[PDB]
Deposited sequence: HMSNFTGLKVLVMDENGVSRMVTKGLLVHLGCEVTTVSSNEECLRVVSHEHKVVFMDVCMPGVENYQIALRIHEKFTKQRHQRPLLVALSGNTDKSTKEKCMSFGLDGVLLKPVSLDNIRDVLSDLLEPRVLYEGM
């Protein structure tokens, strides 16, 4: 497991201030350097290689909120690695999972979020994995 991400450069994209604020607060308690944005256009100019992870809100109906992740893949396709994309939603049913895959999200968090679901995901995403067989 992995309990703290002290120094983790992460970005939060959420149109809602409270949600954005809460999310930043949790990440800060875990030791993250959190940059926040509240619009897609803003997310695209701010997101840099500095950011190891981008948590984005996807609670709008359909895939309106997933487009930004595609736009984000386009951008880093400059020298540095594209950041890991994590979606923030009210569900994780097939609906959501399907969308994240086709749209490039690497992980998904169920809302409201807690240190608990945040650690697990950041741990999985950040920790070494090898597909044996």
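- Unmodelled regions (deposited sequence positions with no C-alpha coordinates, counted from 1) are 78, 135 to 136.
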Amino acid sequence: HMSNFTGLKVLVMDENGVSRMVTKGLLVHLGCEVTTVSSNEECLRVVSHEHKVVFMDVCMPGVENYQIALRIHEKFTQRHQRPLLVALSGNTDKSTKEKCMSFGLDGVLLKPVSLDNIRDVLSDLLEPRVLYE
From here on, numbers count along this sequence of modelled residues.
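- Of the two segments examined, 17 to 25 and 113 to 121, it is 113 to 121 that shows the higher average Cα temperature factor in the deposited entry.
- The mean C-alpha temperature factor is higher for 89 to 97 when 57 to 65 and 89 to 97 are set side by side.
- When the modelled residues of the chain are ordered by their C-alpha B factor, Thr35 lands in the middle third.
- Annotation for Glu42: CA B-factor lies in the middle third of the chain's modelled residues.
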